[PDB]
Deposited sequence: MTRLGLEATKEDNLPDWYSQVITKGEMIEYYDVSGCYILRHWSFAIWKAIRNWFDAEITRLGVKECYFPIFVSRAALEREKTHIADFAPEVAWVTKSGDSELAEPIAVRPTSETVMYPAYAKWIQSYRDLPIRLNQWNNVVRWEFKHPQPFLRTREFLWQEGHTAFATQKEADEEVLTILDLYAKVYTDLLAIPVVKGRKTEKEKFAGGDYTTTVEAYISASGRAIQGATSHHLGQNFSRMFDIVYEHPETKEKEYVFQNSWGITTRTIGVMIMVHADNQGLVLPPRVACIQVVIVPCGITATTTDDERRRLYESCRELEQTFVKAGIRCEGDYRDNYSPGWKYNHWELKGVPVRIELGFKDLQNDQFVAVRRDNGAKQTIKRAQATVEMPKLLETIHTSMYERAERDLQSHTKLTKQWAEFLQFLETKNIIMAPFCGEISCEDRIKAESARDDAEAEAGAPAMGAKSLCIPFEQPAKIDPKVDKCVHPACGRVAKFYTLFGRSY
């Protein structure tokens, strides 16, 4: 590993994603070959979330990657990738590679709702979407093609919609903290940062101390009746028949997760995978095989290592051994340290003589010896222990970069000191622009958190800036972002 995380972050990240065997750079700018290592992490995330939402009643479909011009046109216009040509023959009308599927799914929804009896609609797509991002692309954070799931739901009454938005958001937050061991702040986005066609938007924000910047981890919007008016998704009331518009929601999460994991956990020696998503959770690395190693002893070692690995598998542990005779044990140590496998097993001849083995943690590198009887009990403890110690390590990190203040001056102080700031705010868009302006790379709104620091005292509290709406409507989290 060539670069360090603290000095020269972009090339630390590059080094990690390549020497960790998750990326291969690709000759269409801003898209990246996904290797087995990364893709398994995405599979773990995808599988948990789909089990969750299929338990809830969301069904799965798939709309085509292509969107007609006419479909799309009824403004992110500069972000649309256009097929214009089939080979050498130029196309009558161009077709667009999808960025999202509202334009295609909501007309379908108008067609599928023939009566009140057809509601609710709860569909989800696991697909890939292409946005010709103008902002600097980063290998997992912002790729021009990315894989995600997008769910679009239609409801009779607004209660169902509000409840599902929050349900999905709790799911998203659990993906972050329970799968990837990352702390996140749940909140509402301001009127400036909400999804334009929506009503309100929930988010799950995370903070990179390295970058000093925060990043949106997923979104769950409540669309209200905005789109159902746009696309005329209506039904007649069963009693007192009158044209009623349905209530909608949409939500999404992407491979950005992997990037956020990297940024939060990887150290200066490679990746550090959260145990619950790591492809290989335990790797056994046989050692002690000197020059004078009688081939019977090398076979005996290999036999015991394979027996240990499979008794791990039977106890539900993703464990593999590394028995390649072309590499030294120390080489194997480094290799798997870059791949960030949570626990390495060291099984030498002396450990064999004692019916034990030594486990080494990828975070903090602590060694600890374990007898082979307790293998199926200690090892899962250790995996959970690692998860917690990762999450807490990051959570304390977040808590040390969040400062609360009611003054602009020390707001700017904090912002320059590489941390994000909780301050009272009016919410007004003009003022939010003024804050970002006078902070320059300037300070953006992250979300209005669900957990407020204090109740706002209306006779006292004021906004964090000079003109505003004056009266503080709530506390908002602000900071530099991705």
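Against the full deposited sequence, the model leaves out several stretches, namely 1 to 5, 80 to 85, 452 to 463.
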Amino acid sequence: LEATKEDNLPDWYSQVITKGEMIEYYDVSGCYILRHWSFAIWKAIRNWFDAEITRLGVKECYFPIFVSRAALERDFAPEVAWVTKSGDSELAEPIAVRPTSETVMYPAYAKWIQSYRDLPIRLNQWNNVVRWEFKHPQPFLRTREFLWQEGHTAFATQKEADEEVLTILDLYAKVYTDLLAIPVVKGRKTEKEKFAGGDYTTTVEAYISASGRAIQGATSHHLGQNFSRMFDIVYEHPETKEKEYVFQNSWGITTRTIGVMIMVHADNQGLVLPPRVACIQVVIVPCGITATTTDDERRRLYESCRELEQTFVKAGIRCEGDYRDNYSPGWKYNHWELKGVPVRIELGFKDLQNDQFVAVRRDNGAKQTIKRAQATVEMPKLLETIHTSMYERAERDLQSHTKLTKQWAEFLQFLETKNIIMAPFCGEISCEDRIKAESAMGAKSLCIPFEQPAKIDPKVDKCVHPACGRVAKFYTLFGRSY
From here on, numbers count along this sequence of modelled residues.
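Averaged over CA atoms, B-factors in the entry run higher in 295 to 303 than in the other of 259 to 267 and 295 to 303. When the mean C-alpha temperature factors of 30 to 38 and 428 to 436 are read from the deposited coordinates, 428 to 436 comes out higher. Between the residues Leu382, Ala210, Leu338, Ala196, it is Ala210 that shows the highest Cα B-factor in the PDB record.
Comparing the C-alpha B-factors of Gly330, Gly224, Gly151, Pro183 in the entry, the top value falls on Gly330. Among all modelled residues in this chain, the alpha-carbon of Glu145 has a temperature factor (C-alpha) in the lowest third.
The deposited CA B-factor of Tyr482 belongs to the highest third of values across its chain. Ranked against the other modelled residues of its chain, the C-alpha B-factor of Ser228 as given in the entry falls in the lowest third. Ranked within its chain, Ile370 lands in the highest third, by CA B factor from the PDB record.
For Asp162, the recorded CA temperature factor ranks within the lowest third of the chain's modelled residues.
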